[PDB]
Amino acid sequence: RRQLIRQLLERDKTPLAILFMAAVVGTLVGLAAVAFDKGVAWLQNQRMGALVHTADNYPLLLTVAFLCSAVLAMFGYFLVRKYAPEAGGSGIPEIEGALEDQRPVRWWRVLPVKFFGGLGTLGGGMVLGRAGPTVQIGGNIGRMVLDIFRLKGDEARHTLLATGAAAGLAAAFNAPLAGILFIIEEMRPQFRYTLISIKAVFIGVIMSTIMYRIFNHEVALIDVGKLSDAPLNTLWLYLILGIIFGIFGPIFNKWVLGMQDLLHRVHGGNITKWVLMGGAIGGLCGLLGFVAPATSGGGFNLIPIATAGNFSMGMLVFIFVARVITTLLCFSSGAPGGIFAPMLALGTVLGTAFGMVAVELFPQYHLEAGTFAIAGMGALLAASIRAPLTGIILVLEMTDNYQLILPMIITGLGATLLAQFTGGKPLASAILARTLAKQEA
């Protein structure tokens, strides 16, 4: 008690030094995120144009696509294996590690690797997001400033590493709330207190978001329009859908993990059979980007189209299966790139389909399939990485259908609920667990 009183009166006083530094961090992460984001676009572009000039005939071009993505894949798989192996896959597991002080931040290596790395895997049209990359790139930026300014302390090492990963997510999805929420719900050391300063993370998020806005305003990443509302007599349906995502979250967790192992064999850890295999997956993606594009790519492309109930039943299920596959390959293959976006895409597609069925089971509800899409869009994020608060808010800032806030809060929650009563676990933590264990062994 007597101590507490002493603390209360002392609460919320973050050293201006950390504060001013939080600003620069975000600013950097922002610009960087912008820079990443422009690069990827550029590469998807040339792949487009080089098919234009070789429009024929089937094969001349089914192949130039394959190569282009294969050749970009390999550049990426190589850049990781050779100079920064810890910059493979997501980036989140890693940085979560760093927040525990159970991994290091080799920023002078990771920056170039991930960035020019992802530039390749992303740009070549692989099933993988910007999120991992930029969240990772983000902490490293935050680290690089700690180093350059000889900042020392736990708080300061913890906070600056923290803000760059928030401001890295912020600038990735243009979601400044979800940026902050992620740190305080997931990223952070999960089992003990931490000296992360909220006030600082905000500032970073702000500044990187602004940077994103200075170069991407005048277009949302996802347009969905304002969907219909949701009658109270309609809510149980959102619980059901949550329950499905609740069983499937863990199952998809198994496969992501398992598929990592079953993919380690095809090179046994060997930099050459890896870069060549990744080169093959990459090639597969740049092919699919042209013969079935909904199955390949990041998949933001198909959220709008799914939400508008534009796919038939068949095309939805196909896309879902097809993506369950390609997502596994691209992520489990250790290639640098997040699984966050492609999960949004799975949740969306799943959502719609679930909707479609309800629409015709109950014309009395005047349902629109599209509201189940938006409920499900974050539901996978909720069942598999288990950080629902962050997914719910991620979709919120991203779709602006605030009136669906109950259905979305319910679907998400009923996913995190069955994902716990089927024994799944935070896929981000299952991955950090994997790393740390195959290390003291």
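Residue numbers here begin at 1 and follow the sequence given.
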Q | Stretch with the greater mean C-alpha B-factor as recorded in the entry, comparing 289-297 against 366-374 | A | 289-297
Q.
Going by the mean C-alpha B-factor recorded in the entry, which is higher: 341-349 or 263-271?
A. 263-271
Q: Please pick out which of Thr390, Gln403, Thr63, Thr399 has the largest Cα B-factor as recorded in the entry.
A: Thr63
**Q.** Chain third (lowest, middle, highest) by recorded CA B-factor, residue given as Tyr77
**A.** highest
Q.
How does the C-alpha B factor of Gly179 compare with the rest of the chain: lowest, middle or highest third?
A. lowest
Q | Within-chain third of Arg150 by Cα B-factor, per the entry | A | highest
Q: Looking at the entry's B-factor column for C-alpha atoms only, identify whether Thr416 ranks in the lowest, middle or highest third of its chain.
A: middle
**Q.** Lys38 CA temperature factor, ranked by third within the chain
**A.** middle
